[PDB]
Structure formats: structure tokens, C-alpha cells
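Excluded from the calculations below are hydrogen atoms, water molecules and symmetry mates; all remaining heavy atoms, backbone and side chain alike, are included. Each residue takes its place number in the sequence, starting with 1.
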Amino acid sequence: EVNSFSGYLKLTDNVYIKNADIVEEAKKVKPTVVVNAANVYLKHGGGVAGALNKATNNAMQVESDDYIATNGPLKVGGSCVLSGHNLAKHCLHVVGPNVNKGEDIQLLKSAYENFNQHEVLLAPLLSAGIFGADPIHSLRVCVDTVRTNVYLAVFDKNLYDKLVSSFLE
Ligand SMILES: CC(C)[C@H](Nc1ncnc2[nH]c(-c3cnc(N4CC(O)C4)nc3)cc12)c1ccc2c(c1)S(=O)(=O)CCC2
């Protein structure tokens, strides 16, 4: 079955959310697109990006280095489409702003706008965790910006509950 997402809560007509590890979701669902929470040089050193790269047994990092050699780094708010490897048909590498490193939070809208080139995506909550954005604000920008069908995997039950309660106010 194609894009067999299970156990998500529908927030709006095109945004769904689950308390889940994006890596485990990608292995089970094998979505058409999985979103990576990338940086501009596609160095998948830890967090979500490191976990997705490790699940490809480093094939994602080798492919990423070859893309950067030929094309140069991405811009903050930008993206590129590369292979999904064993996780998906394609991986959409999206660079959200890292507010802990001084990048502008307004670029989070540009980051989510990349999702609209793909009909169905499995994605993390951009710029959350160690990128420093307020995760409730990231969900609001997602809901207001994405018009295609997005399935958000948030690997923390405490944050999942706060996000759903924030949305349903
Ligand atoms: C908010 C937080 C709960 C969320 N975390 C996540 N959300 C969804 N799926 C996830 N899988 C993992 C994971 C991590 N490590 C291992 N590992 C196997 C072993 O080698 C370590 N496996 C899976 C974490 C994760 C989140 C969302 C966005 C961002 C971050 C974190 S970040 O990575 O801090 C910076 C980039 C933006």
C-alpha cells in the first residue's frame, strides 16, 4: 500500500500529526517524500538528519556531499530533492532557520513553502529542538503555509500533547 500512514490525528484538511520517530515512520510507510531537517551544507551530524542518514547506512551523506560539490550549499529557507534510499522515493532536504545561531525566524515560512511542490510528505517539525524555534509557532506556520498533505512525526509525547492542546484552543 502507498503512503500507509496510521494513527495520525487530523488537525486540518491537509495537516496530520503523530507522536512518533520519523525514522520508524519512514521505514513502515515508505512515503513518496520524507523531509529532512537539513543544514545548508547537508552535513547530517546529529538529531533528525543524523538519524535519517544512519538509517540509510550513510548512503544519504555520500549522495549529499556529491550534490554540494556540484551545486554548492543551499540557502536558509531553501531545499533540494535527492534520493529517499530505503526510507522513501525521495528525500526533500529543507533548511529551516537555526534561531540559536542567529538566523531569522521569518525564513520558517519560506522553509515550509518548499513542501508545496510535493502532494504528500512525511516531515519533522521544522526549526524545533536544537534549532531553537518555538515549536508551537512552527506548527502554526506549517498549518498556515502548507497546502499539500503533510504528516508530521514528533518524537516526544510531552511536546505532541502540548502541540495538540495549542492547536485545539
Ligand atoms: C522537537 C523534537 C522532539 C524533534 N525530534 C524528532 N522528531 C521526529 N523524529 C525524530 N527522530 C529522532 C531521532 C533521534 N535520534 C535517533 N537516534 C538513533 C541513534 O543513533 C540516535 N533516532 C531518532 C528525533 C526526532 C525535532 C524536530 C525538528 C528538529 C529537531 C528535532 S533537531 O534534530 O533537534 C534540529 C533540527 C530540527
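Under the side-chain contact (heavy atoms from CB on, under 4.5 Å) test applied with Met60, the options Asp65, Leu42, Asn86, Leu52 reduce to a single match, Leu52. Of the residues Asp13, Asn116, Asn14, the one that meets the side-chain hydrogen bond (donor to acceptor under 3.5 Å, both in side chains) test with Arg147 is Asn14.
For the pair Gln117 and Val81, the minimum side-chain heavy-atom distance is 4.5 Å or more. Between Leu87 and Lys27 there is a side-chain heavy-atom pair separated by less than 4.5 Å. Counting heavy atoms from C-beta on, the side chains of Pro97 and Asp104 never come closer than 4.5 Å. The closest side-chain heavy-atom distance from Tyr67 to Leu82 is below 4.5 Å. Contact of the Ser6 side chain with the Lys18 side chain is registered, since non-hydrogen atoms from C-beta on lie closer than 4.5 Å. At least one side-chain heavy atom of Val164 sits under 4.5 Å from a side-chain heavy atom of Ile17. Looking only at side-chain heavy atoms (C-beta outward), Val94 and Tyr112 stay at 4.5 Å or farther from each other. Taking 4.5 Å as the limit, every side-chain heavy atom of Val33 sits out of range of all side-chain heavy atoms of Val120.
The shortest heavy-atom contact between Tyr16 and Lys10 is OH-NZ, 2.7 Å. When every heavy atom of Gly77 is checked against every heavy atom of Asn114, the shortest pair comes out as O-ND2, 2.9 Å. Across all non-hydrogen atoms, the minimal contact from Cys142 to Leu152 is SG-CD1, 4.1 Å. Listed here is the closest heavy atom pair of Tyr41 and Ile68: O-CG1, 3.5 Å. The minimum heavy-atom distance linking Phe131 with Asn98 is given by the pair O-OD1, 3.3 Å. The two atoms that bring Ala37 and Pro124 nearest to each other are CB-CG, 4.1 Å, heavy atoms only.
Going from atom CG of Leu139 over to atom CG of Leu126 covers 11.0 Å, rounded to the nearest 0.5 Å. The OG atom of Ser4 lies 8.0 Å from the NZ atom of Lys30; values are rounded to the nearest 0.5 Å. Here the CG-CG distance, from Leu122 to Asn149, works out to 13.0 Å after rounding to the nearest 0.5 Å. Distance check, rounded to the nearest 0.5 Å: CD of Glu24 to CZ of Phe155 gives 8.0 Å. In this structure, NE2 on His93 lies 5.5 Å from SG on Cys80, to the nearest 0.5 angstrom. Note that CZ of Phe115 and CG of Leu92 are 7.0 Å apart. Values are rounded to the nearest 0.5 Å.
For the pair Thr145 (side chain) and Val141 (backbone), a donor-acceptor distance under 3.5 Å is present. Counting only distance, with no hydrogens or angles, the side chain of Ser83 and the backbone of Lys89 share no donor-acceptor pair below 3.5 Å. A donor-acceptor contact shorter than 3.5 Å is absent between the side chain of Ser138 and the backbone of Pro135.
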**Request:** Would you sort out whether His44 and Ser64 count as a side-chain hydrogen bond (donor to acceptor under 3.5 Å, both in side chains), showing the intermediate values?
**Result:** CA-CA 9 Å; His44 310 309; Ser64 291; 2.9 Å; yes
**Asked** Should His90 and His85 be marked as a ring-ring contact (aromatic ring centres under 6.0 Å, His included) after you check the CA-CA gap, both sets of side-chain angles, and the distance that decides it?
**Response** CA-CA 7 Å; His90 301 289; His85 301 278; over 10 Å; no
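The cluster map of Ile, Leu, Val, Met, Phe, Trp and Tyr, joined by side-chain heavy atoms under 4.5 Å apart, puts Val2 and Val34 in different clusters. Hydrophobic cluster membership differs between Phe5 and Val15, with clusters built from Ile, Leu, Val, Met, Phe, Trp and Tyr side chains linked at under 4.5 angstrom. Linking ILVMFWY side-chain heavy atoms closer than 4.5 Å, directly or via other members, places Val35 and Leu125 in a single hydrophobic cluster. Hydrophobic clustering of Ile, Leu, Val, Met, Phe, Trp and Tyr side chains at less than 4.5 Å, counting indirect connections, unites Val150 with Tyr160. The hydrophobic clustering, which links ILVMFWY residues whose side-chain heavy atoms are closer than 4.5 Å, places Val76 and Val99 apart.
A side-chain N or O of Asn53 and one of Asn58 form a donor-acceptor pair less than 3.5 Å apart.
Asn71 CG: more than 12 foreign heavy atoms inside a 6.0 Å radius.
With respect to the salt-bridge test (charged N to carboxylate O, under 4.0 angstrom), the residues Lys109 and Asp144 do not qualify.
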